[PDB]
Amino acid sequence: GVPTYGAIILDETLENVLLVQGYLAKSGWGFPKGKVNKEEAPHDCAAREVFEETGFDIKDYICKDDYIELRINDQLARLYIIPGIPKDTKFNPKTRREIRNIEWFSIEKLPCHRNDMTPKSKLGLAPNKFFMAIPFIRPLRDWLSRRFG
């Protein structure tokens, strides 16, 4: 599958992360990201997708080696880590037919897995509106502990 690139934006306290909420198949909350165009460099794709979904330009803030990358069902997703963005920043998507809402979430309150259905003796996982964000949460928490303390 085509690689995706975007960002994990944190505030100045490093407590909170910025998630966006799409529509339909993308109806839950997730980090801003999208598919790379032909010949486009990973940092440029990240900035483009982030600016389209949030109105915030990360290009002056990206650090090349500061990202979390996950391969999920043989598609690679790389989110550049962008700390220190003020919580009073005004975010507005360009793509308002694609983005319902944009919010800060407490990192410590976000799930890092979905819940099973063992109460009901049924296989699988319960729905969770943070499905797309979840795979990045534990790697983010570990990354912040190493790089800040």
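For every residue, the number given is its place in the sequence shown, counted from 1.
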property	result
Between 52-60 and 114-122 (mean CA B-factor, as deposited), the higher	114-122
Entry-level comparison of average CA B-factors, 88-96 and 43-51, reporting the higher stretch	88-96
Which of 17, 133, 20, 25 ranks first by CA B-factor in the deposited coordinates	25
Lowest, middle or highest third - CA B-factor, residue 79	lowest
Among modelled residues of the same chain, the CA temperature factor third for residue 68	middle
Entry-reported Cα temperature factor of residue 2, expressed as the chain third it lands in	highest
